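Enquirer: The structure's right below; bear with me while I get my questions together.
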Amino acid sequence: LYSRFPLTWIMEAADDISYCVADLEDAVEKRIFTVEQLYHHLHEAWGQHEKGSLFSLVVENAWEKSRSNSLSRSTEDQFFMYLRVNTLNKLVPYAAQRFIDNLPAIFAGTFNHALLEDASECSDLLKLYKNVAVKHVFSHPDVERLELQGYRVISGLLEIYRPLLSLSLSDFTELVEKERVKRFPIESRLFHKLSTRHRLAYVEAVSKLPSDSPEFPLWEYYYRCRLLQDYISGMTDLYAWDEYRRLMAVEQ
Amino acid sequence: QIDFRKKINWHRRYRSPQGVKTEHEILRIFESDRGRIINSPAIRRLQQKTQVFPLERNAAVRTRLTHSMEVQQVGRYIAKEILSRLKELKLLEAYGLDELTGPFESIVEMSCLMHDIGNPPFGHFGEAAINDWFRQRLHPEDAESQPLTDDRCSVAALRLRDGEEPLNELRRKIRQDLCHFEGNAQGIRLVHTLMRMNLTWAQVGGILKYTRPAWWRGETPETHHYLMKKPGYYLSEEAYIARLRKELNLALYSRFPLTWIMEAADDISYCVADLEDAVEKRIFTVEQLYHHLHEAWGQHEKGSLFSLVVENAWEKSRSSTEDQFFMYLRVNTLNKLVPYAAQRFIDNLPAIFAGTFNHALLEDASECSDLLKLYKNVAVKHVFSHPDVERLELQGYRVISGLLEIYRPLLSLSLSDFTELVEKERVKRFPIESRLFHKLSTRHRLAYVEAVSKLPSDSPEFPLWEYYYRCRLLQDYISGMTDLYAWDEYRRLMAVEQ
Ligand SMILES: [Mn+2]
Ligand SMILES: [Mn+2]
């Protein structure tokens, strides 16, 4: 109970590594700051500077390679290529070794740590990238507005489907059997917009319940909500934005 | 005694000049003011706020900016006329104006360019939306007297608490002030606190159009009913307006004398241009307008103002035509009304200099006021009632209403919470309020911090002051937008683009 599958630690470490560097590269593409400004933001946030540290071996290395290269490569292409490679060459072997060194608990699935342990210098290099990304990229207004817009879109969608929840058991169930329910025109059509795969999982789950039990209405409601959360969470950003505008009548 | 050297104050509130100064040096100070205002974003924003008609794709129609440039020309004329009438009576040197002729004109010219500078996006209707939104939240009428058992105020700290307090008095004012947003009151706030423009006292005195505080609740004094018609400054500027009154030798509730000139320029230039645009938008023809004007003046007494001004221009307009009718309608109106206004100014100069004259230059008794009253009546029945105009006014009211609801989270927050949002940039548990807070303009946020920090930390009225300053912050942000930016931000945050 509560044990993890051993390969999960590896995927978790791959997430931890790839979590940030790419977002800085994209930030330079979006002209938010120059590659030169990025190097100094990274130099500043590392603080305790030494000839020999990860910073020196990984990110300072990439900065020097980017200056005076053949292979007619862009400065930014060259900086980030070697920022990616240098980071991998240091952080992958460390993660692999950690996996092997703790293989008994990882195999049992009870190892209460990540591969890039929250202490290590490798985790410090990753924290370095996060610190810059947090203060200079994720704070960009265009990003922050998108976050504001998304929250209103998913919030608003749930209210549009609120009718399906503000219904009794016998009522919602009648809507599941009869396709056309005479007296519930809105809830009917709302029900049919839900993707077929999600309605099927609701019917399947509820049918496996004992019909007569006193907890049946509790289980039905749980599955009804799961039905809606399935429908919403299965959308793309653009589909969900589109449906929001459409069901508030604003597109043609 | 009348001495404009005591009224045309070239000192500043901050990093100020002092000490004698020649005629040339005083001129250069006031010309600095011109450069400060002309280069202000707040003036530039005037070309995308609307004057009556929706912004057309061919700029044929007036905006707040082009209208204000016309008002400036009218004010220039009235000032030039007062000074010339005065030079001929030899009162110029006696009134201390011989070395201030330039500034006297400039201040009026700039005061004209700057009315409507503090006006919110959709004009009369942006003000309406703001005050209505805060009325439902604060309910200032529930604070008029003894604390009320059901205080409908939404804010814990602003509700009248029964335990006989003097704190209830500050609550009373804060609640009233915040529900009387006024463009003129906002203009002073903008030129002083928000845009940090550091104008001369005289220049700021010129746009203090009314002398009533926004927090005023009772009946207005019979002696100052005109000077206190609408609110003139906020609670937030009381200390500044006190510094200003002393510097301009104003009694309490007294107005700066050059303000009357700018006001008359507004009263004159307020309407004729809107009739000209109505003809451009083909609402009615120039011929129809003449007869709508003939009919609404009533009793024709051939020798009347109508015949001298509008009938005259109608006759001239025969032998381009609409250009000709409106050119001579404007000129004829100016040539009768500017001398009337300039004369009224001189004849009532003691009270106007004292700043207490409880009438306009174009008081309702005048035939001249009847000519202006004529233009408004036709404009109301045929222009301002037009569906396209009224619809824009409906839309604008909804847009500003909607914007305020979007920032409600910033207001439905405790003091300890909101402060944490100001100190730390990243607040973990308030991601929406954080992100909403960052959308507020840096200049407005700075004016909130500055004001809050100057308060005594320990006071029991501190949370009341903070909420007031937070509310001003939101109104500063909203009233600063152009019509179009506010319309865009509404759509963006309601999500209709990406
Ligand atoms: Mn990931
Ligand atoms: Mn005006």
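Chain labels run A, B, ... following the order of the structure tokens; each chain numbers its residues from 1, and ligands are numbered from 1 in the order shown.
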Give the residues of chain A that lie within 8 Å of chain B; count only C-alpha atoms, and format the answer as a PDB file with N, CA, C and O atoms, in the first residue's frame.
Expert:
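File produced: part19.pdb:
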```
ATOM      1  N   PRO A 141       3.312  39.116 -18.507  1.00  0.00           N
ATOM      2  CA  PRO A 141       1.871  39.376 -18.525  1.00  0.00           C
ATOM      3  C   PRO A 141       1.097  38.466 -19.444  1.00  0.00           C
ATOM      4  O   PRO A 141      -0.013  38.045 -19.096  1.00  0.00           O
ATOM      5  N   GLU A 144       0.710  35.237 -17.589  1.00  0.00           N
ATOM      6  CA  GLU A 144      -0.236  35.463 -16.505  1.00  0.00           C
ATOM      7  C   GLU A 144      -1.665  35.720 -16.966  1.00  0.00           C
ATOM      8  O   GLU A 144      -2.610  35.330 -16.268  1.00  0.00           O
ATOM      9  N   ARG A 145      -1.850  36.419 -18.098  1.00  0.00           N
ATOM     10  CA  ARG A 145      -3.203  36.645 -18.595  1.00  0.00           C
ATOM     11  C   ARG A 145      -3.839  35.363 -19.073  1.00  0.00           C
ATOM     12  O   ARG A 145      -5.020  35.110 -18.822  1.00  0.00           O
ATOM     13  N   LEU A 146      -3.051  34.541 -19.768  1.00  0.00           N
ATOM     14  CA  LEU A 146      -3.523  33.244 -20.237  1.00  0.00           C
ATOM     15  C   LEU A 146      -4.019  32.441 -19.048  1.00  0.00           C
ATOM     16  O   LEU A 146      -5.061  31.777 -19.123  1.00  0.00           O
ATOM     17  N   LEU A 148      -5.145  33.670 -16.196  1.00  0.00           N
ATOM     18  CA  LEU A 148      -6.407  34.296 -15.825  1.00  0.00           C
ATOM     19  C   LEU A 148      -7.520  33.862 -16.755  1.00  0.00           C
ATOM     20  O   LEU A 148      -8.624  33.547 -16.304  1.00  0.00           O
ATOM     21  N   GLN A 149      -7.268  33.900 -18.067  1.00  0.00           N
ATOM     22  CA  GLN A 149      -8.311  33.552 -19.026  1.00  0.00           C
ATOM     23  C   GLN A 149      -8.716  32.094 -18.866  1.00  0.00           C
ATOM     24  O   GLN A 149      -9.906  31.764 -18.858  1.00  0.00           O
ATOM     25  N   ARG A 152     -11.096  31.513 -15.899  1.00  0.00           N
ATOM     26  CA  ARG A 152     -12.469  31.952 -16.130  1.00  0.00           C
ATOM     27  C   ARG A 152     -13.195  31.005 -17.098  1.00  0.00           C
ATOM     28  O   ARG A 152     -14.383  30.710 -16.910  1.00  0.00           O
ATOM     29  N   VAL A 153     -12.487  30.495 -18.115  1.00  0.00           N
ATOM     30  CA  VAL A 153     -13.098  29.618 -19.122  1.00  0.00           C
ATOM     31  C   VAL A 153     -13.576  28.294 -18.505  1.00  0.00           C
ATOM     32  O   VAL A 153     -14.708  27.847 -18.742  1.00  0.00           O
ATOM     33  N   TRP A 241     -11.799  26.809 -25.062  1.00  0.00           N
ATOM     34  CA  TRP A 241     -12.072  28.215 -25.339  1.00  0.00           C
ATOM     35  C   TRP A 241     -13.214  28.368 -26.335  1.00  0.00           C
ATOM     36  O   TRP A 241     -14.133  29.153 -26.095  1.00  0.00           O
ATOM     37  N   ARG A 245     -17.008  30.271 -25.675  1.00  0.00           N
ATOM     38  CA  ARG A 245     -17.568  31.362 -26.459  1.00  0.00           C
ATOM     39  C   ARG A 245     -18.848  30.969 -27.165  1.00  0.00           C
ATOM     40  O   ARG A 245     -19.746  31.802 -27.319  1.00  0.00           O
TER      41      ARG A 245
END
```
Enquirer: Counting only C-alpha atoms and all ligand atoms, which residues in chain B sit no more than 7 Å from ligand 2? For each one, give the nearest pair of atoms and the distance in Å, sorted by chain then residue number, as CSV.
Expert:
```
residue,atom,partner,partner_atom_place_in_ligand_line,distance
B:67,CA,ligand 2,1 (Mn),6.8
B:68,CA,ligand 2,1 (Mn),6.2
B:115,CA,ligand 2,1 (Mn),6.4
B:116,CA,ligand 2,1 (Mn),6.2
B:266,CA,ligand 2,1 (Mn),5.3
B:270,CA,ligand 2,1 (Mn),5.9
```
Enquirer: Please write the residues from the selection above to a file, keeping N, CA, C and O atoms, as a CSV table (one decimal), in the first residue's frame.
Expert:
```
chain,number,residue,atom,x,y,z
B,67,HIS,N,-12.0,68.3,-29.5
B,67,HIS,CA,-12.9,69.2,-28.9
B,67,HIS,C,-12.2,70.1,-27.9
B,67,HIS,O,-12.3,71.3,-28.0
B,68,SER,N,-11.3,69.6,-27.1
B,68,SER,CA,-10.5,70.4,-26.1
B,68,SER,C,-9.6,71.4,-26.8
B,68,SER,O,-9.4,72.5,-26.3
B,115,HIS,N,-9.5,70.3,-19.0
B,115,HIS,CA,-10.8,69.8,-18.5
B,115,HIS,C,-11.0,68.5,-19.3
B,115,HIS,O,-10.4,68.3,-20.4
B,116,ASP,N,-11.8,67.6,-18.8
B,116,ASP,CA,-12.0,66.3,-19.3
B,116,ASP,C,-10.7,65.4,-19.2
B,116,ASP,O,-10.8,64.2,-19.5
B,266,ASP,N,-15.9,76.4,-22.1
B,266,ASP,CA,-16.6,75.2,-22.2
B,266,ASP,C,-18.1,75.4,-22.5
B,266,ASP,O,-18.6,74.8,-23.5
B,270,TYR,N,-19.3,74.0,-26.1
B,270,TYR,CA,-19.9,72.7,-25.7
B,270,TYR,C,-20.8,72.1,-26.8
B,270,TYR,O,-21.0,70.9,-26.9
```
Enquirer: Within 9 Å of ligand 1, counting only C-alpha atoms and all ligand atoms, which protein or nucleic acid residues do you find, written as a tab-separated table (two decimals) with N, CA and C atoms, in the first residue's frame?
Expert:
```tsv
chain	number	residue	atom	x	y	z
A	12	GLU	N	9.98	10.56	-13.29
A	12	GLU	CA	9.97	11.73	-12.42
A	12	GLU	C	11.24	12.55	-12.59
A	14	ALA	N	13.26	12.56	-15.26
A	14	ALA	CA	13.23	13.14	-16.58
A	14	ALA	C	12.36	14.38	-16.59
A	15	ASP	N	11.23	14.34	-15.86
A	15	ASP	CA	10.42	15.54	-15.72
A	15	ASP	C	11.22	16.66	-15.05
A	16	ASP	N	11.85	16.34	-13.90
A	16	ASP	CA	12.59	17.34	-13.14
A	16	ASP	C	13.66	18.04	-13.98
A	18	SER	N	13.91	18.28	-17.58
A	18	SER	CA	13.30	18.95	-18.70
A	18	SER	C	12.31	20.01	-18.25
A	19	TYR	N	12.16	20.18	-16.94
A	19	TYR	CA	11.09	21.01	-16.42
A	19	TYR	C	11.25	22.44	-16.83
```
Enquirer: How would you write, as a VMD selection string, the set of residues in range 189-250 of chain A that DSSP gives as helix (DSSP H, G or I)?
Expert: chain A and resid 189 to 193 196 to 207 216 to 233 237 to 246
Enquirer: Can you pull out every residue within 12 Å of residue 11 in chain A, counting only C-alpha atoms, but drop anything in the same chain fewer than 5 positions away, and send it as a list in words?
Expert: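 Those residues are residues 5, 6, 16, 17, 18, 19, 92, 95, 96, 99, 114, 115 and 116 of chain A.
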Enquirer: Here is a test: counting only C-alpha atoms, which residue of A:21, A:38, A:7, A:28 is nearest to residue 127 in chain A?
Expert: A:21
Enquirer: Mind giving me the straight-line distance from CA of residue 60 in chain A to CA of residue 24 in chain A in Å, one decimal?
Expert: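 Those two atoms sit 15.8 Å apart.
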Enquirer: Which residues, written as a PyMOL selection string, have at least one atom at most 12 Å from range 81-89 of chain B, with only C-alpha atoms counted and residues fewer than 4 positions away on the same chain left out?
Expert: chain B and resi 74-77+93-105+108+258+260-261+334-335+337-347+349
Enquirer: Pick the closest to residue 183 in chain B from B:467, B:234, B:397, B:201: which is it, counting only C-alpha atoms?
Expert: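 The shortest atom-to-atom distance to residue 183 in chain B comes from B:234.
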Enquirer: As an exercise, work out the distance from CA of residue 241 in chain B to CA of residue 177 in chain B in Å and give it to one decimal place.
Expert: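 Calculated distance between CA of residue 241 in chain B and CA of residue 177 in chain B is 15.2 Å.
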Enquirer: To one decimal place in Å, what is the distance between CA of residue 112 in chain B and CA of residue 72 in chain B?
Expert: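 A separation of 5.0 Å between them.
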Enquirer: Taking only C-alpha atoms into account, produce a table as a Markdown table in which each residue of range 170-260 of chain B with an atom at most 9 Å from an atom of range 471-488 of chain B appears once, together with its shortest atom pair and the distance in Å to one decimal, ordered by chain and rising number.
Expert:
```
| residue | atom | partner | partner_atom | distance |
| --- | --- | --- | --- | --- |
| B:178 | CA | B:471 | CA | 7.3 |
| B:181 | CA | B:475 | CA | 8.2 |
| B:183 | CA | B:479 | CA | 8.6 |
| B:186 | CA | B:476 | CA | 8.1 |
| B:189 | CA | B:476 | CA | 9.0 |
| B:190 | CA | B:476 | CA | 8.2 |
| B:194 | CA | B:476 | CA | 8.2 |
| B:236 | CA | B:472 | CA | 8.4 |
```
Enquirer: Identify which of the residues A:33, A:79, A:239, A:221 lies closest to residue 170 in chain A, counting only C-alpha atoms when measuring atom-to-atom distances.
Expert: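 Nearest to residue 170 in chain A: A:221.
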Enquirer: Write out as a ChimeraX atom specification each polymer residue whose atoms come within 10 Å of residue 13 in chain B, counting only C-alpha atoms; drop sequence neighbours fewer than 6 positions from it.
Expert: /B:192,198-201,240,243-244,247
Enquirer: Got a sec to tell me which of range 191-307 of chain B DSSP assigns to strand (DSSP E), as a PyMOL selection string?
Expert: chain B and resi 212-213+231-233
Enquirer: Which is closest to residue 247 in chain A among A:23, A:36, A:159, A:174, if we use only C-alpha atoms?
Expert: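 Nearest to residue 247 in chain A: A:159.
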Enquirer: Which residues come within 12 Å of residue 206 in chain A, counting only C-alpha atoms, excluding same-chain residues fewer than 2 positions away, as a PyMOL selection string?
Expert: chain A and resi 169+173+176+199-204+208-211+213+215-224+226-227
